[PDB]
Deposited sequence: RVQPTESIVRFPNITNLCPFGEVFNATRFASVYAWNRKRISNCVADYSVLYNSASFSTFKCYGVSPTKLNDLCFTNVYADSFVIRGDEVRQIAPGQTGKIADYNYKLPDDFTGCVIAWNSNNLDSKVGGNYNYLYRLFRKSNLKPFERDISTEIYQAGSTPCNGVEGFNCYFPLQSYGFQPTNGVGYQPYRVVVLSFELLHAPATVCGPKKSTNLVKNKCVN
């Protein structure tokens, strides 16, 4: 069986700017657990049909995961705008996959504030499809150079998420998982289409 539990039921997720990517291949893809789950707030697919994922076979499945705010989950989609889908995590216009997310306020919120999760709100260029920037170089907002020193119109690109105990789901932490699917032997398959690879001792 595919290792979805390793990425979905992980102890600690990464920041949106430093999104962790897993490679799911050569295994049975049980999408039943993903279907019959009332925990999942968002479950939207692009260029495919959620209801019929067991009726499909792909040669690679890149399972990207990270934490963002609830009001920023709408940005996680093809051809969008805003700090997240521009500086942190952008998808291609012709994207093929799904976007999963659930309110993780019970295990990513802290009384004093969870300062493990950050996000980049400053960038000279726009993040290319599936591009990742973990760099921490001083951003130039003004006309004059910074010279790697923080000052006027020159500041740190990263900003911490509050994630303090609040009542507003919009400003609460959400665990997002982007299952990006990919003329080659179809490795990750349904439980029926499985090309006798279920007994490979995955």
{"item": "Missing C-alpha runs, given along the deposited sequence, first residue counted as 1", "value": "1 to 16, 199 to 200, 221 to 222"}
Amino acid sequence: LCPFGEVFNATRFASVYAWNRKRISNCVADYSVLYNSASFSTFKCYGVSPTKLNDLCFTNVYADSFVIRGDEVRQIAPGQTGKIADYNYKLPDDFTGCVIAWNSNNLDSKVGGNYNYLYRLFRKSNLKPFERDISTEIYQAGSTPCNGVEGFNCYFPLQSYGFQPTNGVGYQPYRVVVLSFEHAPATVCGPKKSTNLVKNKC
From here on, numbers count along this sequence of modelled residues.
item	value
Given 130 to 138 and 55 to 63, the range whose Cα B-factors average higher in the PDB entry	55 to 63
Higher-B stretch (mean Cα B-factor, as the entry records it), 188 to 196 or 9 to 17	188 to 196
Given 45, 38, 158, 176, the residue at which the Cα B factor reaches its maximum	38
Ranked C-alpha temperature factor of residue 68 among modelled chain residues, by third	lowest
Residue 164 - which third its CA temperature factor falls in, relative to the rest of the chain	middle
Modelled-residue ranking by C-alpha temperature factor, third containing residue 172	lowest
